[PDB]
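# Fold and contact review
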Amino acid sequence: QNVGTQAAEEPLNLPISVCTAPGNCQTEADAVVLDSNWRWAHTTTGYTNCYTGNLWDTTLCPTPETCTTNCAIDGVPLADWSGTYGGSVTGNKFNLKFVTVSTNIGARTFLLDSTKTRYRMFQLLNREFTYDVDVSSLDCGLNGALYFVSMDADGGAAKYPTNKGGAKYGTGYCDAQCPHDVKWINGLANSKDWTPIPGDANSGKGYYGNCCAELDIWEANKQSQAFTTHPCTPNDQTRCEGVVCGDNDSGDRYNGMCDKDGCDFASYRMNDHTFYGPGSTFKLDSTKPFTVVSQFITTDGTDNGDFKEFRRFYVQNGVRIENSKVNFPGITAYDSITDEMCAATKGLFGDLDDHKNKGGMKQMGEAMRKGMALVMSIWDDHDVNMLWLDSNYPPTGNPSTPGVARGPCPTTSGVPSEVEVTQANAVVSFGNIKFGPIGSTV
């Protein structure tokens, strides 16, 4: 995309901590940038929309190349962050409102480095990543997500010279779902064969998808939470078409370059329904804030080893809370993501181990070694109504069959039109982000 001249781009300042030992950290003066999908797209030498509602203008965008020549994405000024997009920062806390009323629904954002010209790339192997979260106002059907993806640090600017904005304009998004709803891919409008998504007034799908590796630290609302590894072959940003995208709609979910299911550790799905929930007698009380700690263990305990284990623990009101465990007869009580856990649990659930097909923890680790961009988002799910996270999936499945039940939400929950009314004022908060060696962040 070209860059427009109507509004300066002003990312929100967000300090994080880089740590060397427990309680010995230094501030890193980073910032938050809005994903290019949420930006106004208009004519390069005017005010005329190139995209309105869920459609590209066919006169301006008869082809992707012409669209890209004629159109530009514009900046987010400071005033518009809260007023238009529902984003705000107080000290080291970042807040994202779900619906902001001209009416904005959801948000996806990235962490910029201290220069505000590149994404802050995190080399996560043999490191610990930690943050405080509040998901108390997110119920069934919503997801306040924090995760990493194998985006380029410059959003693709060096690879795709028609991308003028780079990381500064939140470009280059890709993930392990190979999404077609990304409006700008490889420096070009994804306007070919663009199709609105029914019941989604703001979104559509273009000819291409954009694939890359994804490490989900946090997919969650107050009812259920998960962390998940998604390797791809290769891991780096890859525009896809046809079978390579692994499109759900053509029966290709397991035929593409990315592991779409991922290998998940989701406490409720692993059959501990009392670990996490909205109340003081759950082990971890989702009505109150808490700290989420993630440790990425290698084979030799060094930065050069292969990724072998994703460990997790929590801190809430000064109380250390170890992760829940897998709880099925004849299955080891795993409390972390490893290749063995993935094989054993997917075996039990009858899920295809595409994680293993894509190179497993080792391949996931190669993405983490090269460095990944931090994503913070809030969203509802127009495909599957978040049932995969917090309900029975498939909805018609027996909840006593291992793998089906992922949370207590009813199978009628999560319809975007309903959650966008009922949960309009939901806000996820991510704060006090800390990064360092294992054992350094609490």
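Residues numbered from 1 in each chain as written, not as in the entry; some residues may be left out. Heavy atoms only, no water. Residues with missing side-chain atoms left out of burial classes, pairs and counts.

This deposited entry lists X-ray crystallography as its structure determination method and 2.0000 Å as its resolution.

## As for the overall build of the protein
The helix and strand inventory of the protein stands at 7 helices and 31 strands. Whereas a compact globule of 442 residues would reach a radius of gyration of roughly 22 Å, the protein reaches 21 Å, a difference of no more than 12%. Counting only C-alpha atoms, the protein reaches 65 × 50 × 45 Å along its principal axes. (Helix = DSSP H or I, 4+ residues; strand = E, 2+ residues; numbered from the N terminus. Rg over C-alpha atoms; globule rule 2.2 N^0.38 Å.)

## Concerning the pairing of strand β21 (residues 214-220)
When you tally the buried positions in β21, you get 7 out of 7 residues, the bulk of the element. Note: strand β15 (residues 143-149) against β21, 4 bridges, orientation antiparallel. Bridge assignment links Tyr147 to a residue of β21, and that residue is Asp216. As paired strands, β21 and strand β22 (residues 225-230) are joined by 5 bridges and run antiparallel to one another. Among the inter-strand pairings, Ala220 is bridged to a residue of β22, identified as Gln225. If you look at the hairpin formed by β21 and β22, you'll find 4 residues sitting between the two strands. (Buried < 20%, exposed > 50% of the residue type's maximum accessible area, 1.4 Å probe, protein only. Pairing = 2+ DSSP bridges.)

## Brief notes about the side chain of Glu128
By the secondary structure assignment, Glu128 is in strand β14 (residues 127-134). Comment: no salt bridge for buried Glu128; closest opposite-charge side chain is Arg311, at 6.6 Å. Within the structure, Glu128 has its side chain in polar contact with the backbone nitrogen of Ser440 (distance 3.5 Å). (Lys, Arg positive; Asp, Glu negative; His and termini not counted. Salt bridge = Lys/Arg side-chain N within 4 Å of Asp/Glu carboxyl O. Polar contact = N/O pair within 3.5 Å; in protein donor to acceptor, adjacent residues only side chain to side chain.)

## A short note on the sheet that holds strand β1 (residues 2-3)
One open sheet holds the 3 strands; their spatial order is β1-β7-β4, and the pairing between them is mixed. What marks the edges here is a single partner per strand, and that holds for β1 and β4 (41-43).

## Re the packing of aromatic side chains
The tally for this structure, following the rule as stated, stands at 24 aromatic pairs. Ring centres of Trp218 and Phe290 lie 5.6 Å apart, and the angle between their planes is 65°; on these two criteria the pair is classed as edge-to-face. Note that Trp218 is positioned in strand β21 and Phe290 in strand β27 (residues 290-298), a separation of 72 residues in sequence. On the basis of relative accessibility, which here comes to 0%, the residue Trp218 falls in the buried class. Look at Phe290 and you get buried, because its relative accessible area is 2%. (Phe/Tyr/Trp six-rings, centres within 6.5 Å; stacked < 30°, edge-to-face > 60°.)

## A closer look at the nonpolar core
Counting 66 residues, the largest nonpolar core has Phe129, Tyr131, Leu215 and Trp218 as the members making the most contacts within it. In contact with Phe129, not counting residues within four places along its chain, are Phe122, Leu124, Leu146, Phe148, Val292, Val293, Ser294, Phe296, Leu374, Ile433, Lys434 and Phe435. With 18 residues, the next largest nonpolar core counts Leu112, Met151, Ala167 and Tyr173 among its residues. (Core = buried A, V, L, I, M, F, W, Y, C linked by side-chain atoms within 4.5 Å. Contact = heavy atoms within 4.5 Å.)

## Remarks on helix α3 (residues 339-349)
For α3, every residue scored as buried is listed here: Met341, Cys342, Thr345, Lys346 and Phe349. All buried residues of α3 project into a common sector of 110° when viewed along the axis, lining one side. Within α3, the exposed residues directed more than 90 degrees away from the buried face are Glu340 and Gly347. Buried residues along α3 sit against β24 (263-265) and α4 (354-357). (Arc of directions from axis to C-beta.)

## Digging into the pattern of salt bridges
Scanning the entire structure with this criterion turns up 14 salt bridges. The shortest N-O distance in the salt bridge between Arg108 and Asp35 comes to 3.0 Å. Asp139 is the salt-bridge partner of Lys222, the closest N and O atoms lying 3.7 Å from each other. In this pair, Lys222 sits in the loop between β21 and β22 while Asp139 sits in the loop between β14 and β15, placing the two residues 83 residues apart along the sequence.

## Focus: the pairing of β27
In terms of burial, β27 is largely enclosed, as 9 of its 9 residues are buried. Of the two faces of β27, the one carrying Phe290, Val292, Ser294, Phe296 and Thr298 and the one carrying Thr291, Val293, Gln295 and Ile297 are both buried. Looking at chain direction, β14 and β27 are connected through 6 bridges and run antiparallel. By the bridge assignment for β27, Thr130 is matched with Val293. Where β27 and strand β28 (residues 307-316) come together, 8 bridges link them in antiparallel fashion. What sits directly across from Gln295, in β28, is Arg311.

## So, the environment of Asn271
If you trace the backbone, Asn271 turns up in the loop between β24 and β25 (276-277). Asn271 sits 136 residues away from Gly407 along the chain, and the two C-alpha atoms are 9.7 Å apart. A distance of 2.8 Å separates a polar atom in the side chain of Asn271 from the backbone oxygen of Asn327.

## Considerations on unusual backbone geometry
Residue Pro234 is reached from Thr233 by a cis peptide bond, and omega for that bond is -5°. Examined against the element boundaries, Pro234 turns out to sit in the loop between β22 and β23 (238-240). The phi dihedral of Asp193 falls on the positive side, at around 55°, and the residue is not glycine. By secondary structure assignment, the location of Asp193 is in the loop between β17 (188-189) and β18 (195-196). Judged by relative accessible area, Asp193 falls into the exposed class, the value being 52%. One non-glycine residue, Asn317, lies in the positive phi region at around 50°. Looking at the secondary structure, you find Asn317 in the loop between β28 and β29 (319-322).

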